[PDB]
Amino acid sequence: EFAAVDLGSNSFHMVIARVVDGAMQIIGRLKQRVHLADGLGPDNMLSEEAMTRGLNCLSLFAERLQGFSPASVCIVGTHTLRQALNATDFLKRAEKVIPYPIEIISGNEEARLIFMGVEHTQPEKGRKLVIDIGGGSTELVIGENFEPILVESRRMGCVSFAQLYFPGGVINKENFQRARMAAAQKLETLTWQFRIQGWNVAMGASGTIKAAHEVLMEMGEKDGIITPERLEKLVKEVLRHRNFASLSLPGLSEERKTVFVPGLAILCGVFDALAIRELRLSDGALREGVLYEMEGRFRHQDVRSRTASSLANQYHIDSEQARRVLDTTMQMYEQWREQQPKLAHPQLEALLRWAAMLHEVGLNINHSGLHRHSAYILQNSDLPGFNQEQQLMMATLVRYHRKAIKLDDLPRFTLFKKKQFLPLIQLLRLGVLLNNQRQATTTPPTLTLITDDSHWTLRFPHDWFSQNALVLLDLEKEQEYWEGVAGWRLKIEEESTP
């Protein structure tokens, strides 16, 4: 029994499901019109009223989810929480009304998941184009057979476009055209690329496209296909009205009336830019993509594994070295975990494992400043399957893997605590250093790690450094590096005369 929750701009959505004989099956769906993006202002601060509204919904969502284990639930946040400067404050307050962490995801991860949701709900063959127009952002993907090919997101949605192009809710040809051209403008750099890739079928998701389809059926269209001609009919109808408040289109809810016009403008902008001839509405979207992702992970299908393996190929990472560092780092990790079990968490363990595998990702840029270059790539790339904090954590572990360490600029995390991840930096630094000689590395048959808080002792075999003098110099340098970090101390020992 799983649940996927999507904290969007216009609404918060939830889906609950189970798996029977390998097949997914929906138990319940929940939706509450929260208007999170409405509370977003000039300074990009969520208002106290919108935050109160959202907290009230998460308590209701937590009520429905009473008894669900953290593993059976995924809550994601999108455009509005990506742009809110006080996102952290909302997240922290949310902690007291819903016991599952909120995971902010990037626009390109959101687009990827929407595509997966459409693909899993709409299992119709062919290369698909997937469009999703939201309250704050718009996603566009071309893919086939659950494999994305092109993935994009743009900061345009019905809420933002309402304020920018329809001040006070005013409807006219000029306001509409400006909004439509603005939408095409945002797609300028991808039109040739998307059109030359092409698609067998185009599918549209979420509220704006759904309303467009419903108004068309109300206005006499014989089938549900959205076409350039039919969109022009919708525009003509819209322009018969002077304001969003008097937008009396058959089939529109009072709520949809506040955002339908800017949404339609973006939709027209999309069709204009990509020259879509036929678009059908999909019942799948983000929450379904999330639901299928979490389920695949219970079956040990984790796209992040593929992400890490593809990064290794893209950047020509020495796999033999990656594996040496991983083995060394994790041999020490198991001991650290053994001695401080309350601080060890499987999610951070996974991130440490990928950090070890990817610490040399920036080598093809330069060995000089390698930790900074590796961190640059990991922090700024598109990493399918990673949420924002996971991505930033992995980059952070890599950022501090060698040379002088001052933790002045350490990022804050809502999902991870310093007591849990600082020791992973210590472990990775030691794991890397011990493998400096690459293929010439002599690996000790045994290596004992003894921890007393952040005062660590590494005990090597009897007389080991007599044949590994350079390693000892590297360790003595690391001891000096740890002296800069308050609380950290490194001691090196060797087993005594037998």
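Each residue number is its position in the shown sequence, starting from 1.
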| query | finding |
| --- | --- |
| Between 91-99 and 105-113 (mean CA B-factor, as deposited), the higher | 91-99 |
| Mean C-alpha temperature factor, higher of 118-126 and 165-173 | 118-126 |
| Residue of maximum C-alpha B factor among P384, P423, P411, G143, per deposited coordinates | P411 |
| Member of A184, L267, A308, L252 with the greatest C-alpha B factor (per the PDB record) | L252 |
| CA B-factor ranking of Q197, expressed as a third of its chain | highest |
| Lowest, middle or highest third - CA B-factor, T191 | highest |
| Assigned third (lowest, middle, highest) for the C-alpha B factor of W336 | lowest |
| Assigned third (lowest, middle, highest) for the C-alpha B factor of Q66 | middle |
| Assigned third (lowest, middle, highest) for the C-alpha B factor of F298 | highest |
